[PDB]
**Student:** 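Handing you a structure now.
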Amino acid sequence: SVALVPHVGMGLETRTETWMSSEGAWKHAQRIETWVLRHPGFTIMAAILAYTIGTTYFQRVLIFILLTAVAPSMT
Amino acid sequence: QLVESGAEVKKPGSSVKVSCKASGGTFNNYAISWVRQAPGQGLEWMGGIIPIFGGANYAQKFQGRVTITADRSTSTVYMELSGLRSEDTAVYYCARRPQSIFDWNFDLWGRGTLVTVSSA
Amino acid sequence: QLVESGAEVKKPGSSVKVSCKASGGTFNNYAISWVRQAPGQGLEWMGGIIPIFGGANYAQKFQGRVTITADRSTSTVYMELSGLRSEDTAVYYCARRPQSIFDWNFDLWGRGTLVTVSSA
Amino acid sequence: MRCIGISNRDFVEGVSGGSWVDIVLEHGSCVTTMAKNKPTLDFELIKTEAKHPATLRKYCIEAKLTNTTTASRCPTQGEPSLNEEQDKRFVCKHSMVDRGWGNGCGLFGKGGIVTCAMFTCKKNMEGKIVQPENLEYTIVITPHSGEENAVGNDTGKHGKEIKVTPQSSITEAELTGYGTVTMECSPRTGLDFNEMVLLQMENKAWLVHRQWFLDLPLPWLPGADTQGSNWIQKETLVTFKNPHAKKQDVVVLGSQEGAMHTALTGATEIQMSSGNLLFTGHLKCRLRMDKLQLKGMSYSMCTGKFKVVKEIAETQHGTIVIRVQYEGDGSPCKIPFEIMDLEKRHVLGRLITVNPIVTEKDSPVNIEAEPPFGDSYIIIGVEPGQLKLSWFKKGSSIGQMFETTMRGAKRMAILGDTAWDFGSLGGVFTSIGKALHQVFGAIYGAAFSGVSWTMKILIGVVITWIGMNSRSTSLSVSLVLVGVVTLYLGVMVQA
Amino acid sequence: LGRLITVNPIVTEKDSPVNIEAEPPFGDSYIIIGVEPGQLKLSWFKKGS
Amino acid sequence: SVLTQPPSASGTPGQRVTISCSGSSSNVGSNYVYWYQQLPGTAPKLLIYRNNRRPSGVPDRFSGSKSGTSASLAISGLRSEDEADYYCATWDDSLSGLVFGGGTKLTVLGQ
Amino acid sequence: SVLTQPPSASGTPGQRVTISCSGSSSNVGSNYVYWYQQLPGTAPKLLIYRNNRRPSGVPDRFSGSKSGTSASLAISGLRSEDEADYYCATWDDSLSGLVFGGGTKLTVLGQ
Ligand SMILES: *[C@@H]1O[C@H](CO)[C@@H](O)[C@H](O)[C@H]1NC(C)=O
């Protein structure tokens, strides 16, 4: 779908309000939150995998966040 | 370019919604106010609307009894008067003004709309 | 030399294709334009094409209604009119000019194909 | 009352040797330029028209399938054949089905099947391109005189309109009583229209990136087509069904209008119905005040009472506007105006409407002034009947310093390196800053193109942490600065 | 900032257009044609480096 | 609301008639004054907008004068057609609304 | 804006007649002007191309003229052969197409 390639990071923004800027600002976070709520099981597995792979807390948190964000996105 | 609804005879205590059909240019650039003249009497200013901003202001004599609204979809301005009485029998005018706080020159005027109030 | 197809009688709403064959040198080194003249009226440029390159240019009046094409194998230039009407009755000329955007001298003309919508 | 109360207002103060100042004009913003001995002027870029577009591509957003047909061949006997597959108006797909004596031919196995349907487009979005030389910027220049604007929305009479096109580098406007204002704008380094498509779908248009528009996964036409039937990637707008390997069917996907509205999330909406006139973007101009002069300097001061008809109003920009009326004689005269302290010993505030004058007795005059933070008194007229109107600013110099720093930071976030052109008097520090900004912004735009503001936030946090947990103090400082700037840009983006 | 390639452009005839080729610099530059009474100044921008 | 205008006016052809409507400082002095001529059975027509401005198409016979707290509409070249009801409009701040004058009758000795 | 010509032009044999082609700066004055001589029932013959240039094999009686925005075609000596429609053609940048003069017939006398 064209909706999966929004016109976001194109460097054309001005001071003018864009098409759906306020509406689309937090849609990604809302969808990720809803997915993490509906699918707790994958979040726990992602946390375990991040802890297993990440040597330091920074690596663990980065991996956990990236997995949790990608999981809904790849669908 | 200001079209008003046809004459309609009302009854005491009823309500009337006079319609003023403005053009595309005046709706988004000017303001509009409603003026009623009693039969054989002087003009009176009821209220005014800026269609793109709404928030019509009303004269103290009619505050609480009349309501001006604008339909941006059809570029139309509406005047609703409630509690009609014989004193409300008069021709109603919708005129265009420059939309500035200090500009009140009604260059454009409507053909008028007559409202009749009586017990019959 | 620039030889045009014979006269055609058509009907309203139909289509007519006019051909204009040309020599090898004039096909690959020049451009061919189409100009119509309604009887008792001035010449009207419809469009043209650089046959070696294709991609015809069309007048605004005939935009969406005409299609100019070139057959490189036969070294022939084609013109097709869609939605023929009475006002489209006129003689159509194919003319040769240099393939440059600044010079528009039609130093060589075809005889001209007359398209009519009535009976002969 | 055009540039006052617009809330995107920049005060450009001063000129350089040569009497020119550099101002970037944005559509929704405004510029008020003030120089000593010169009338204050308001500038606003109000319209950008792009003329003579060329359609670059026509995308199909809604189709219908008709004339569906199917063909099959027995297993091991090769592909089936459809005549329709000759014509490219038909979208076709090949699959396999189970065949046998029941299905109707000789042997058992996966047969070949080809289903085709005539693709027809009911609604398309047209992408158009323009040449930079074909752009045209309308700039309104209104002398900040205080004379009450004539009937209308400033479109006529007071306020001179200049059309800035790349054909002429010098745009000249005559303001009666003020001389001539010369602007040398650059409508070639503004939007960069060679990278832009003008996409209109259904009584709506957007200014979109060109590569983004060419990467849209929809069926398309070349733009030179004129037939509108040979769409390229029709398979993006249809789906073929073989649920049980029994038979193949083709259905048409639904209208893509809403999905495209979602795809256009960050694009800026324009108008394409009555000409390609858009209202986003900026225009760097060099303002030449050489032939600009104050109006009415030959008049005498007013000797008569002034009455404040409209009470002093604080503007959004730390300025006050007061409407006054003249009752005295000597109609065209200079309004005696000052902002002083209580004792009327020191002058504390600057008059923005320089050289206020009452042209006719009846007409009121709007005076704008900029009072100081705290108590000030607006003195108006000579002693008999002289007005002394108190005012309290309610702010701080530190507060406005921080606010102006924030405004400049936001301008850099919006204009990139063109921010240094804003109010620049040909300085050397500004030149070096602009060069450094060009290099840094080139690197940043390479590293952050096509990422979202959440991605920018994540990257900024990561880079800040990497800098913080670094042994090298120089690298630490560099990384922390880069991360903080990235965090600021992520927070201040997507608008 | 830039050098013209059609060296020594000259008007051989009044209503006979003459088309000059120049090499402008990278970035902003202005093509000035004529003398002050009606001089035309043309902005140009060269995209490369 | 105190804006008063002479209820009737009398004049002869080619005889200037002044319709002076007074008011409070806020009513008239502090704001523009608009003059409208309303022929019977017709919508009012703008004569003088702001203080002494004539709209395009309005003939020069009509002129607008504004005093300290009163305004007067001057009629030069009085004619039978000019006979109509005249009002002066001015926003007044105390009432926060537009106030129309009572109107003036242009009783002209034409017939 | 578009090319305009006098619909008809008169003359006498052995005369000098000039036909005017008037357009806007978009078409005439920013591009060359071409003059075509068309006889009845015959394809137009290129008469003048570019500006004031005669194609090889044309008599010198024909002379074109180009002004800043308008153009003219002048005839040295007049005859019965000159009686024919004359068109001026010029590329138009705004119209993005070739625009013809609209026609001008030379009505030589001596019938
Ligand atoms: C599609 O079907 C219609 C209806 O039978 C028919 O008239 C038309 O010719 C068909 N078109 C093609 C390309 O087969």
Side-chain angles (χ1 to χ4, degrees), chain A residues 2 6-7 10 12-21, chain B residues 24-25 27-29 52 72-73 75, chain C residues 58 60 63-64, chain D residues 26-28 45-62 121-138 163-166 187 190-216 218-226 228 255-283, chain G residues 94-96:
Chain A
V2 293
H7 184 278
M10 310 290 132
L12 279 72
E13 293 181 357
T14 45
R15 201 173 297 266
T16 312
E17 64 270 13
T18 53
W19 175 229
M20 278 158 71
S21 46
Chain B
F27 205 70
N28 297 89
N29 306 279
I52 62 166
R72 297 175 74 182
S73 294
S75 297
Chain C
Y58 293 142
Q60 294 300 110
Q63 189 66 253
Chain D
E26 313 190 331
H27 266 272
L45 158 65
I46 57 151
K47 167 151 98 165
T48 293
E49 179 154 4
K51 296 180 72 67
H52 311 129
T55 177
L56 166 78
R57 192 176 274 195
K58 192 162 306 205
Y59 281 112
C60 197
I61 56 169
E62 186 179 0
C121 188
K122 314 146 69 159
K123 288 166 68 176
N124 57 65
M125 72 189 184
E126 186 178 3
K128 301 196 180 192
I129 47 181
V130 294
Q131 293 164 355
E133 63 266 15
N134 259 310
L135 269 295
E136 177 170 32
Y137 297 70
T138 287
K163 307 224 189 73
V164 169
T165 71
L191 269 170
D192 194 350
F193 273 81
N194 282 321
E195 295 290 328
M196 313 292 203
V197 167
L198 279 72
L199 173 60
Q200 72 172 355
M201 174 183 283
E202 290 285 327
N203 78 19
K204 293 180 181 65
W206 292 262
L207 180 77
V208 289
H209 187 72
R210 186 186 168 98
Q211 200 46 279
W212 175 93
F213 174 81
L214 297 178
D215 287 340
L216 287 187
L218 288 165
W220 60 278
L221 287 178
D225 194 81
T226 69
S255 176
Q256 296 299 325
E257 175 145 332
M260 196 61 204
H261 281 174
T262 290
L264 288 153
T265 296
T268 299
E269 185 177 1
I270 71 182
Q271 325 297 129
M272 277 194 101
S273 65
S274 297
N276 304 143
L277 74 168
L278 72 165
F279 307 92
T280 183
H282 59 87
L283 188 69
Chain G
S94 54
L95 184 63
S96 278

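Hydrogens, waters and symmetry mates are skipped; everything else that's a heavy atom, side chains included, is used. The chains referred to below are lettered A, B, ... by the order of the sequence lines, with proteins before strands, and numbering in each begins at 1.
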**Student:** With rounding to the nearest 0.5 Å, note down the distance linking CD in C:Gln60 to CG in G:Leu95.
**Tutor:** 6.0 Å
**Student:** Check the pair D:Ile129, D:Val197 against side-chain contact (heavy atoms from CB on, under 4.5 Å), reporting the backbone distance first and the verdict last.
**Tutor:** CA-CA 5 Å; D:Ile129 47 181; D:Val197 167; 4.1 Å; yes
**Student:** Given side chains that start at C-beta, do those of D:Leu283 and D:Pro187 come closer than 4.5 Å, heavy atoms only?
**Tutor:** yes
**Student:** What verdict does the side-chain contact (heavy atoms from CB on, under 4.5 Å) test give for D:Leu214 and D:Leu56, after you've listed the backbone C-alpha separation in whole Å, the side-chain angles of each residue and the deciding distance to 0.1 Å?
**Tutor:** CA-CA 9 Å; D:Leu214 297 178; D:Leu56 166 78; 3.7 Å; yes
**Student:** Nearest 0.5 Å, please: how far is OG in D:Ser255 from NZ in D:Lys123?
**Tutor:** 4.5 Å
**Student:** Quick one: side chains of residues 200-213 of chain D, donor-acceptor pairs under 3.5 Å with protein atoms, not counting sequence neighbours, listed by atom name and distance.
**Tutor:**
residue  : atom : partner : partner atom : Å
D:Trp212 : NE1  : A:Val5  : O            : 2.9

**Student:** Which atom names give the shortest non-hydrogen contact between D:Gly228 and D:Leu221, and what distance separates them?
**Tutor:** CA-CD1, 3.1 Å
**Student:** Between A:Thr14 and D:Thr280, is the side chain to side chain donor-acceptor pair (under 3.5 Å) condition met? List the steps.
**Tutor:** CA-CA 7 Å; A:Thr14 45; D:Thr280 183; 2.2 Å; yes
**Student:** To check you understand the geometry: which heavy-atom pair defines the closest contact between A:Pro6 and D:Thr262, and what is its length?
**Tutor:** CB-O, 4.1 Å
**Student:** What's the shortest heavy-atom distance between D:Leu45 and D:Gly281, and which atoms?
**Tutor:** CD2-O, 3.9 Å
**Student:** According to ring-ring contact (aromatic ring centres under 6.0 Å, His included), who are the partners of D:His282, at least two apart in sequence or on a separate chain?
**Tutor:** none
**Student:** Atom CG in A:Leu12, atom OG1 in D:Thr268: separation rounded to 0.5 Å?
**Tutor:** 7.0 Å
**Student:** How far does NZ of D:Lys128 sit from CG of D:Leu199, to the nearest 0.5 angstrom?
**Tutor:** 11.0 Å
**Student:** Under the side-chain contact (heavy atoms from CB on, under 4.5 Å) criterion, do D:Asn276 and D:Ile270 qualify, and how do the steps go?
**Tutor:** CA-CA 8 Å; D:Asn276 304 143; D:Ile270 71 182; 6.0 Å; no
**Student:** Between D:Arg57 and D:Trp220, what is the shortest heavy-atom contact and its length?
**Tutor:** NE-CE3, 3.2 Å
**Student:** Roughly how far, to the nearest 0.5 Å, is the NZ atom of D:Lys163 from the CD atom of D:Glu136?
**Tutor:** 5.5 Å
**Student:** Under 3.5 Å, side chain of A:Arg15 to main-chain N/O of D:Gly28, donor-acceptor pair present?
**Tutor:** no
**Student:** Report the distance from atom OG1 of A:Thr18 to atom CG of D:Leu264, rounding to the nearest 0.5 Å.
**Tutor:** 11.0 Å
**Student:** Work out which heavy atom in D:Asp215 is nearest to a heavy atom in D:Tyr59; give both atom names and the distance.
**Tutor:** N-OH, 4.3 Å
**Student:** How about D:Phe279 and D:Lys47: do any of their side-chain heavy atoms sit closer than 4.5 Å?
**Tutor:** yes
**Student:** Taking side chain as C-beta onward, heavy atoms only, is D:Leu191 less than 4.5 Å from D:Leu278?
**Tutor:** yes
**Student:** In sequence, state the C-alpha distance, the side-chain angles, and the governing distance for D:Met125 and D:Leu218, and then conclude on side-chain contact (heavy atoms from CB on, under 4.5 Å).
**Tutor:** CA-CA 10 Å; D:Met125 72 189 184; D:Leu218 288 165; 3.9 Å; yes
**Student:** Find out whether D:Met272 and D:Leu198 are in side-chain contact, i.e. whether some heavy atom of one side chain is under 4.5 Å from a heavy atom of the other.
**Tutor:** yes
